[PDB]
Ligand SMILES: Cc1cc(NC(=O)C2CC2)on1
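A lone chain, given as structure tokens: the form deposited without the ligand.
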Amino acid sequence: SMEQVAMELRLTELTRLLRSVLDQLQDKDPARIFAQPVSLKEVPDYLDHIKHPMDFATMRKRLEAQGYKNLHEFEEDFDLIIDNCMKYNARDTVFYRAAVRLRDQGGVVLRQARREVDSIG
């Protein structure tokens, strides 16, 4: 149908907007601490601590498969990256501190993406 196509045109434009948002969030992590999944060979106990691992590359594969239906689902994954890190790592570590900085600097990008998604549908 012509309906399914226009919904596919919208999802595709949402995917284009989330791609740009994702590139902007990732620029706030120049150390690439959150780039890749936490290694299970190097942190074998990780899954005893953290039940839903997340990282930028895993968000990227979901993105290019048009796996995010809305901005909220995308925000949930970003929050997991941050919240996982702040639980596993203690306050006086480079990892925890990197999360806090990504959270505060990401807020601005997420604040405007919410207005743009509403605004253009």
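For every residue, the number given is its place in the sequence shown, counted from 1.
48-56 and 69-77 differ in mean CA B-factor, and the higher of the two is recorded for 69-77. In this entry, 33-41 has the higher mean Cα B-factor, the comparison being between 80-88 and 33-41.
In this PDB entry, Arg19 carries a Cα temperature factor that places it within the middle third of its chain's modelled residues. In the PDB entry, a CA B factor belonging to the middle third of its chain's modelled residues is recorded for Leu25.
The same protein has a further form, the form deposited with the ligand bound, not shown here; the description that follows concerns it.
No residue of the trio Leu18, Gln26 and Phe56 has any heavy atom within 4.5 Å of the ligand in the deposited complex. The partner is absent here, but in the deposited complex a heavy atom of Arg32, alone among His72, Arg60, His52, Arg32, sits within 4.5 Å of the ligand. Using a 4.5 Å cutoff between non-hydrogen atoms, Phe78 does not count as a contact of the ligand in the deposited complex.
Among heavy atoms of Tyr88, some come within 4.5 Å of the ligand in the deposited complex. Annotation for 58-81: no interface residues with the ligand in the deposited complex [heavy atom within 4.5 Å].
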